[PDB]
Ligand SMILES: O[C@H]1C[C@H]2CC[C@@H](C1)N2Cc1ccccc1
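Given next, in C-alpha cells, is a single chain: the form deposited without this ligand.
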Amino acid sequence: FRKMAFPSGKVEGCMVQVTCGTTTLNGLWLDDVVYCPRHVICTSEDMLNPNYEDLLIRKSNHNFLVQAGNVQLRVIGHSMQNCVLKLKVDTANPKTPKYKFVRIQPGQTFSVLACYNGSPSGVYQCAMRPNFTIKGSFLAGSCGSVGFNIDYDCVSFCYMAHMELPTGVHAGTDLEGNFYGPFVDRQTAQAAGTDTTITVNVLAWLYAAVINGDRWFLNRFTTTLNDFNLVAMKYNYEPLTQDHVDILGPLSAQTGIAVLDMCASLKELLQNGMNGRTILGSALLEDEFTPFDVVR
C-alpha cells in the first residue's frame, strides 16, 4: 500500500518561469493567464512592509519576463487577486487541461509538482496538515509550485507554494490567492503552529489494512465520540467529529467494523502501542490517506 501521487503530465504542460527584476519563480499558465505569487514583484527592501497595490502600480508589463521552455510569452496585462499575481499573456496555453480552482480543508490530500525556475523536478503526495502547512519539497526556488487532484481528466488546482517556514514545511494559498493558515506574504517572523495527527485519515488507513487482510488490531470493544476525543487530545490527534464518522460510513459498511469499533482499536493502539507488530507495512500509523483516497 504505497502512497501514490497523481500523474503530473497535465500540470507539467502548464509550468512556466516568471522573472521580475532579480527574482525568478514558477508560474501556472492556463488559457492566456499566468498565475504566480504576488511577492515576485518585491525587492528585498519592499519585503518588510509591502504595499502590494502601489508596487504593482509602479510596475509595467515590461517588468515581467515569462518563459515557457524556450518561448518567451509577452505579458500584455497584469492584475492581482488576493496574494496571486495574474499576468495576462500573448498566447493561450495549447496544453491547458480541463481544470477548476478549489479550496481544500485541513486533512485533505493532493499532489505537489515541485518545480525549479519553471521546469518540473518531481511529484509527491501530501496532506494539508491541521496547522495549515505542507511537508516541504526542500528544493530551492520552489515558490509557485502547485498542488492538485485529478478527477476524470479534470485537474482541481488547490494549492500554490509561497513560502518555506523555518521548519522546512511550506505555506501557500489556493489559486484565488487566499492563504491557508495564519501566514502573510511579508518578511516577518512566522512559524508553524503545533501540528496534530489527522485522526479521520488514520482511521481510513486502518480500514485499508482491514480490507487488505491485516486484522490483528481489531478487538471486541467500542467507544463513544467523547471518550475517544479525551484520548485524542492526550496524544495530539485531531478531535473526531460526527461529520468524520459519516464520511467513514462507506468503509464501515464495506468491512463490517463500525467507526466507533475502529476508534476502540485506535485508542488501544495509542495507549498500548503495537507490541512489535506492524499494520500494512509500517510500525507507524499513517495519516496522509483520506477516506476518499482509500475508497479509490
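Note that residue numbering follows the sequence shown and begins at 1.
- Comparing 106-114 with 186-194, the stretch with the higher mean C-alpha B-factor in the PDB entry is 186-194.
- Of the two segments examined, 43-51 and 265-273, it is 43-51 that shows the higher average Cα temperature factor in the deposited entry.
- Out of 162, 95, 100, 135, the entry records its largest CA B-factor for 135.
- Among 225, 154, 206, 175, the highest C-alpha B-factor in the deposited entry belongs to 225.
- In the deposited entry, the Cα temperature factor of residue 255 places it in the middle third of its chain's modelled residues.
- Ranked within its chain, residue 295 lands in the highest third, by CA B factor from the PDB record.
- Residue 139 sits in the highest third of its chain by CA B factor, as recorded in the PDB entry.
- Compared with the other modelled residues of the chain, the Cα B-factor recorded for residue 210 ranks in the middle third.
- Ranked within its chain, residue 80 lands in the middle third, by CA B factor from the PDB record.
What comes next is about the form solved in complex with this ligand, which does not appear here.
- For the chain shown alone, residue 65 is not a contact residue for this ligand in the bound PDB entry, no non-hydrogen atom being within 4.5 angstroms.
- Although the partner is absent here, residue 239 sits close enough that one of its heavy atoms falls within 4.5 Å of this ligand in the bound PDB entry.
- When contacts are judged by a 4.5 Å heavy atom cut-off, residue 194 counts as touching this ligand in the bound PDB entry.
- Although the partner is absent here, residue 93 sits far enough away that none of its heavy atoms falls within 4.5 Å of this ligand in the bound PDB entry.
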